[PDB]
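Keeping their order, the protein sequence lines are chains Q, O, N, S and P. In case it helps, the deposited numbering puts the first sequence at residues 17 to 74. In case it helps, the deposited numbering puts the second sequence at residues 6 to 61, 228 to 269, 313 to 343, 392 to 462, 469 to 480. In case it helps, the deposited numbering puts the third sequence at residues 55 to 359, 517 to 578. In case it helps, the deposited numbering puts the fourth sequence at residues 203 to 252. In case it helps, the deposited numbering puts the fifth sequence at residues 252 to 302. We put the CB at the ideal spot given by N, CA and C, even for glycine. Remarks on the structure that follows.
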Amino acid sequence: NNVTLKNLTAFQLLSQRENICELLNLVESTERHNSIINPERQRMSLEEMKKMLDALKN
Amino acid sequence: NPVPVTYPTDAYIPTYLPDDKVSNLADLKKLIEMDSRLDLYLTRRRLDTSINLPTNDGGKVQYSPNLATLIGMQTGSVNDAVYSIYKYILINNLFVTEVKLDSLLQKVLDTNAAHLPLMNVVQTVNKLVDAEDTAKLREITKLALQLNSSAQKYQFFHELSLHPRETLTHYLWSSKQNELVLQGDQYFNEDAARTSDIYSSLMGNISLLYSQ
Amino acid sequence: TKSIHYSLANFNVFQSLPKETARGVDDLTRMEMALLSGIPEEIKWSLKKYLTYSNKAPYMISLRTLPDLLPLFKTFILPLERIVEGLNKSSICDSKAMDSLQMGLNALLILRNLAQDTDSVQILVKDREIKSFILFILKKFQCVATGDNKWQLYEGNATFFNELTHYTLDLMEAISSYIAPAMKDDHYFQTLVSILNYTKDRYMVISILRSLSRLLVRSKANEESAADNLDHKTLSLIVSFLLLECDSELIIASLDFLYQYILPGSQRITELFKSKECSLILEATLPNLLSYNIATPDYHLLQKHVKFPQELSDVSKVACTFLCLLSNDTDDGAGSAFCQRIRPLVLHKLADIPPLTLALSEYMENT
Amino acid sequence: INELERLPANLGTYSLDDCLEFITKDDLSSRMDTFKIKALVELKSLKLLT
Amino acid sequence: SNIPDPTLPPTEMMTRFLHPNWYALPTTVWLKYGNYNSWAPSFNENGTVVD
Numbered sequence: 017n018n019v020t021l022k023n024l025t026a027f028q029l030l031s032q033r034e035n036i037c038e039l040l041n042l043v044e045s046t047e048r049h050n051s052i053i054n055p056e057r058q059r060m061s062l063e064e065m066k067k068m069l070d071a072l073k074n
Numbered sequence: 006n007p008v009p010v011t012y013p014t015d016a017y018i019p020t021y022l023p024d025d026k027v028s029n030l031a032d033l034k035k036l037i038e039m040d041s042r043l044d045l046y047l048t049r050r051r052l053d054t055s056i057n058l059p060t061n228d229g230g231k232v233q234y235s236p237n238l239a240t241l242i243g244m245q246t247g248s249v250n251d252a253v254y255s256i257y258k259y260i261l262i263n264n265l266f267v268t269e313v314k315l316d317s318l319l320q321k322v323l324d325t326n327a328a329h330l331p332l333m334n335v336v337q338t339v340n341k342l343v392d393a394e395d396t397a398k399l400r401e402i403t404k405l406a407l408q409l410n411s412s413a414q415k416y417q418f419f420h421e422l423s424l425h426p427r428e429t430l431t432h433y434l435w436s437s438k439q440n441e442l443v444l445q446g447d448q449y450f451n452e453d454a455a456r457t458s459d460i461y462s469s470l471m472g473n474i475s476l477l478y479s480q
Numbered sequence: 055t056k057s058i059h060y061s062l063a064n065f066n067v068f069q070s071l072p073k074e075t076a077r078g079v080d081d082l083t084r085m086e087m088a089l090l091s092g093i094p095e096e097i098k099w100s101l102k103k104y105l106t107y108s109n110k111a112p113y114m115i116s117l118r119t120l121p122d123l124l125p126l127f128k129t130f131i132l133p134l135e136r137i138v139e140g141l142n143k144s145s146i147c148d149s150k151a152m153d154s155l156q157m158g159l160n161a162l163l164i165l166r167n168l169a170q171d172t173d174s175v176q177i178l179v180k181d182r183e184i185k186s187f188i189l190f191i192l193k194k195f196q197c198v199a200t201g202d203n204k205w206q207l208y209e210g211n212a213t214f215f216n217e218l219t220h221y222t223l224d225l226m227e228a229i230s231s232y233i234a235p236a237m238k239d240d241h242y243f244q245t246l247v248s249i250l251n252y253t254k255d256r257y258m259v260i261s262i263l264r265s266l267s268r269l270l271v272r273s274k275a276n277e278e279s280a281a282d283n284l285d286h287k288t289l290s291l292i293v294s295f296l297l298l299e300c301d302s303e304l305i306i307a308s309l310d311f312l313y314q315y316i317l318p319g320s321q322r323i324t325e326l327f328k329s330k331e332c333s334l335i336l337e338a339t340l341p342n343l344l345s346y347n348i349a350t351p352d353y354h355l356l357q358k359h517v518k519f520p521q522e523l524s525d526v527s528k529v530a531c532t533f534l535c536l537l538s539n540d541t542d543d544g545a546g547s548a549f550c551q552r553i554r555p556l557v558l559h560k561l562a563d564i565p566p567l568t569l570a571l572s573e574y575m576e577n578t
Numbered sequence: 203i204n205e206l207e208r209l210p211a212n213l214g215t216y217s218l219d220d221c222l223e224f225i226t227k228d229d230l231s232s233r234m235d236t237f238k239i240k241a242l243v244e245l246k247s248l249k250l251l252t
Numbered sequence: 252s253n254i255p256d257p258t259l260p261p262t263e264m265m266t267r268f269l270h271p272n273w274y275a276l277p278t279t280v281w282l283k284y285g286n287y288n289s290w291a292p293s294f295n296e297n298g299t300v301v302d
């Protein structure tokens with residue numbers, strides 16, 4: 017916790033610039049997308065549903 | 006009163022994403038409502054009521236031969252003693268509602327006042343004888407905020423597609439109005455506040477102060 | 055020093071004759087006159103001092119004492135009905151939009167403060183232009199609560215939005231007392247019943263339960279009324295707050311709301327007990343609510359080798532009055548079958564807590 | 203402070219502009235105490251730092 | 252005049268010093284309701300800055 021006016025105003029600018037500098041295609045953020053979709057959590061979770069759905073049939 | 010914590014407990018799980026592009030969000034809403042109904046049935050059975058000792228080592232007490240006439244038993248827990256004494260005060264309709315003491319109560323209490331509060335009555339009665395769920399609730403509330411972040415970035419870029427002229431001028435004004443806020447506290451840093459470089469509005473201020 | 059040639063400030067006719075208040079306009083008239091002048095950067099000071107006098111001396115700027123104040127504040131309140139109409143796209147785009155939004159939120163919080171003392175709320179309910187604005191804000195927040203696609207929040211503006219609801223809701227707490235509904239389909243009740251199911255914050259939940267409780271007094275339960283818009287989906291939630299044994303504010307608000315919902319007639323009781331997920335809660339919570347934070351006799355001698520309680524908490528008092536009113540329902544309504552299914556459990560709470568026998572008098576005389 | 207609190211208390215200044223006032227041996231030359239004031243100022247201003 | 256000379260150890264310009272940009276701001280507090288409650292509010296917002 018312990019947020020202040022400076023810590024908040026400098027967070028709004030960081031969020032606005034992360035988006036603006038991405039519209040101009042100046043930012044490469046592949047080491048952040050390789051934490052959601054690209055990791056095996058997209059496949060291994062499906063490999064857990066593929067067995068929980070079958071365990072739920074008996 | 007509930008104790009305040011230092012980490013977010015829940016998240017709103019936003020609903021401004023188009024419900025024809027992202028699917029199974031309604032599945033998530035149904036699962037969350039079902040878990041919200043799967044614990045309202047547990048908390049209820051945590052306050053469960055049970056009637057297991059109306060009449061039925229320090230749990231067993233030997234009653235005096237005097238109190239054995241208002242109970243029907245000579246031994247039993249203290250709960251049975253206080254309960255059966257109250258039942259005797261209730262059956263004989265002794266409470267003043269128009313406790314008025316009976317005749318046998320005179321002996322069992324060794325008191326001739328014939329009128330005594332119930333508090334004193336039970337006073338004489340005594341005178342005669392779990393961790394993993396926190397981690398799960400922090401892991402889930404650590405994903406509904408990542409979802410609440412990606413949804414905000416989608417909301418921004420989608421509101422940038424529509425009306426880009428309106429969003430860009432807002433971004434340029436937020437930038438020209440936030441880079442000024444962050445550059446307002448760089449004047450007091452203890453290595454530029456004793457070198458006499460900033461003392462040559470820090471001059472009208474001393475006018476207001478001296479007048480104050 | 056004191057001479058005519060040194061300075062001409064006291065010749066013979068003004069050195070002690072000027073009044074003690076001859077130094078300009080008074081601090082109140084200065085606020086009132088600098089509030090209708092069109093210059094910005096000046097309204098931001100008047101609406102700062104009015105905002106101060108609404109938390110340190112509200113009895114000085116009361117609406118009744120100055121019958122020319124609401125005309126001024128509405129000039130800053132009404133433009134919010136247009137600004138709030140935006141806030142789904144980028145509606146703030148310069149330094150003159152925020153200057154007109156903060157000058158409005160200040161004028162709204164000032165009314166929220168002046169709407170807490172009595173004989174000052176008696177002026178907002180007379181002017182329909184404020185009740186309409188409150189209804190508009192409640193409508194927008196209902197659109198945010200429901201999730202429809204007609205109006206989206208554009209989360210980047212939530213900072214300016216979540217500070218309007220927590221003021222209009224507080225304007226409704228003082229207004230819901232002065233009104234009593236008489237029609238089924240009626241705003242100010244469908245919005246609150248929709249927000250309560252979503253708000254997910256304690257302050258709003260309590261403010262809504264208090265507003266709903268105050269929107270059911272001075273009414274009879276023998277005909278159509280606002281009490282028919284809620285169903286077994288909202289009443290299955292207000293009574294669920296009784297299960298929350300971690301606080302003494304949601305339980306009191308829920309018991310107070312049920313006590314206000316039951317008061318008129320006996321059909322309300324028959325309706326409340328229709329469901330089989332609301333009677334099972336009251337049946338297994340109202341006994342335990344008569345010994346909530348009451349320091350039970352602590353029977354622990356069954357594993358070792517009494518000091519019975521003397522007073523009772525506020526929750527036990529409210530649950531006692533609740534069972535008192537539920538006691539005298541009828542000889543056939545569910546209000547009596549409930550008090551009969553609770554007797555073998557209220558008896559233990561009467562045996563372990565003495566002072567209930569005086570408070571549960573009416574409940575015992577009816578069984 | 204050490205190097206300044208050891209200077210002669212009778213410090214004066216002979217300047218190259220006193221010729222134009224024709225100071226005699228029995229009169230007081232103007233601007234006689236110039237480095238004395240410039241030393242007292244640097245001393246008292248170092249004692250008045252806090 | 253009993254003004255401390257600069258050799259003494261009072262001398263330092265800012266040891267404890269807070270700027271309004273460093274003031275703590277009111278924010279949403281989070282509440283905990285047992286461990287089997289999913290209908291509890293779990294928030295408390297009184298008009299905070301982020302809110």
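Item to check | Beta carbon proximity, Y12(O) to chain P, threshold 8 Å | outcome: So, interface residue.
Next on the checklist: Just checking: is the beta-carbon of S289(P) within a distance shorter than 8 Å of some beta-carbon in chain N?
Outcome noted: So, not an interface residue.
Checklist entry - When you compare only the Cα positions, how much space is there between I260(O) and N237(O)? => result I260(O) and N237(O) have their alpha carbons spaced roughly 16 Å apart.
Next on the checklist: Using only CA atoms, which one of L242(S), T252(S), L251(S) and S231(S) lies nearest to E205(S)?
Outcome noted: Its Cα nearest to that of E205(S), the residue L242(S) stands out among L242(S), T252(S), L251(S) and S231(S).
Checklist entry - Candidates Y104(N), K193(N) and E135(N): which alpha carbon is nearest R166(N)'s? => result Relative to the Cα of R166(N), the nearest Cα in the group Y104(N), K193(N) and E135(N) belongs to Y104(N).
Item to check | Nearest-angstrom Cβ-Cβ length linking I262(N) and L284(N), presumed shorter than 8 Å | outcome: Cβ atoms of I262(N) and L284(N) stay farther apart than 8 Å, at about 12 Å.
Item to check | Closer than 8 Å to chain C by CB, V301(P) | outcome: The chain inventory of the structure shown lacks chain C, comprising the protein chains Q, O, N, S and P.
Next on the checklist: Please identify the residue among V259(N), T213(N), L355(N) and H286(N) whose C-alpha is closest to the C-alpha of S308(N).
Outcome noted: Taking only the C-alpha atoms, the option nearest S308(N) is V259(N).
Item to check | Pairwise C-alpha distance: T219(N) and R182(N) | outcome: Each residue's alpha carbon lies about 19 Å from the other.
Item to check | Classification of residue 189(S) by the beta-carbon crowding that lies within 10 angstroms, buried from 16 upward | outcome: Since the first and last residues shown for chain S are 203 and 252, residue 189(S) lies out of range.
Item to check | Buried or exposed by the 16-neighbour rule on C-beta atoms within 10 Å, applied to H432(O) | outcome: Counting Cβ neighbours within 10 Å, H432(O) comes out buried, since at least 16 surround it.
Item to check | chain P residues whose Cβ lies nearer than 8 Å to that of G446(O) | outcome: By Cβ distance, chain P contributes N272.
Item to check | Cβ of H286(N) within 8 Å of any chain O Cβ | outcome: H286(N) does not count as touching chain O.
Checklist entry - To the nearest angstrom, how far is it from the Cα of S293(P) to the Cα of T279(P)? => result So the two alpha carbons sit approximately 10 Å from each other.
Next on the checklist: Check this for me: beta carbons of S108(N) and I115(N), under 8 Å apart or not?
Outcome noted: Yes. Within cutoff.
Checklist entry - When Cβ atoms are compared, which residues of the region 237-255 of chain O fall closer than 8 Å to chain N? => result So the list reads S248, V249, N250, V253 and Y254, given in the order they occur along the chain.
Item to check | Secondary structure, beta strand (DSSP E): runs of 3+ residues fully inside the region 395-453 of chain O | outcome: As far as the region 395-453 of chain O is concerned, it has no whole beta strand (DSSP E) run of at least 3 residues.
Checklist entry - What did DSSP end up calling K238(N) once you bin it into helix, strand or coil? => result Collapsing the DSSP output to three states places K238(N) in coil.
Checklist entry - With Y221(N) and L162(N) assumed to form a contact (beta carbons below 8 Å), what rounded beta-carbon distance in angstroms separates them? => result About 5 Å; that satisfies the 8 Å criterion.
Item to check | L561(N) and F533(N) closer than 8 Å at C-beta | outcome: With respect to the 8 Å criterion, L561(N) and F533(N) are not classified as neighbours on the basis of their beta carbons.
Checklist entry - Since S255(O) and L318(O) are thought to touch, with beta carbons under 8 Å apart, how far apart are those beta carbons, to the nearest angstrom? => result Going by Cβ atoms, the distance from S255(O) to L318(O) rounds to 13 Å, so no, they are not a contact pair.
Checklist entry - Taking C-alpha atoms, which residue in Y449(O), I474(O), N473(O) and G472(O) lies nearest to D459(O)? => result Looking at the Cα atoms, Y449(O) is the closest of the given residues.
Checklist entry - Name the chain N residues that come within less than 8 Å of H425(O), Cβ to Cβ? => result Within 8 Å of the CB of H425(O), the CB atoms of chain N belong to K143 and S144, in sequence order along the chain.
Next on the checklist: Between the alpha carbons of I306(N) and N263(O), how many angstroms are there, rounded?
Outcome noted: In a straight line, the C-alpha of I306(N) is about 36 Å away from that of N263(O).
Checklist entry - Listing by chain order, which chain Q residues have their CB less than 7 Å from the CB of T258(P)? => result Neighbours of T258(P) across chain Q, judged by C-beta separation under 7 Å, do not exist; the nearest C-beta is about 36 Å away.
Next on the checklist: On the criterion of 16 or more Cβ atoms from any shown chain inside 10 Å, does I93(N) qualify as buried, or is it exposed?
Outcome noted: So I93(N) ends up on the exposed side.
Checklist entry - Exposed or buried, what is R268(N) when buried is set at 16 or more other beta-carbons lying within 10 Å of its beta-carbon? => result So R268(N) counts as buried.
Checklist entry - How should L442(O) be labelled, buried or exposed, when 16 other C-beta atoms within 10 angstroms of its C-beta is the threshold for buried? => result For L442(O), the number of other beta carbons within 10 angstroms of its own is below 16, and it is reported as exposed.
Next on the checklist: Does the CB of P7(O) have a neighbour CB from chain P at under 8 Å?
Outcome noted: So, interface residue.
Next on the checklist: Beta-carbon within less than 8 Å of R118(N)'s beta-carbon, same chain only, minus the 5 sequence neighbours each way: which residues are those?
Outcome noted: Closer than 8 Å at Cβ, skipping near neighbours: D173, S174, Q176 and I177.
Next on the checklist: Are the CB atoms of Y21(O) and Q206(N) within a distance shorter than 8 Å?
Outcome noted: If you check the CB distance, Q206(N) and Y21(O) come in under 8 Å.
Next on the checklist: Cβ closer than 8 Å: which chain Q residues qualify as neighbours of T278(P)?
Outcome noted: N17 and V19, listed in chain order.
Item to check | Cross-chain neighbours of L248(S) in chain P, by beta carbon under 8 Å | outcome: Those within 8 Å of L248(S) in chain P are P257.
Item to check | Nearest-angstrom Cα separation, counted from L71(N) out to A63(N) | outcome: Computed Cα separation, rounded: 13 Å.
Item to check | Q480(O) classed as buried or exposed, judged by whether at least 16 other C-beta atoms fall within 10 angstroms | outcome: The residue is exposed, with fewer than 16 neighbouring Cβ atoms inside 10 Å.
Item to check | Simplified DSSP assignment, three categories, for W281(P) | outcome: Here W281(P) sits in strand by DSSP.
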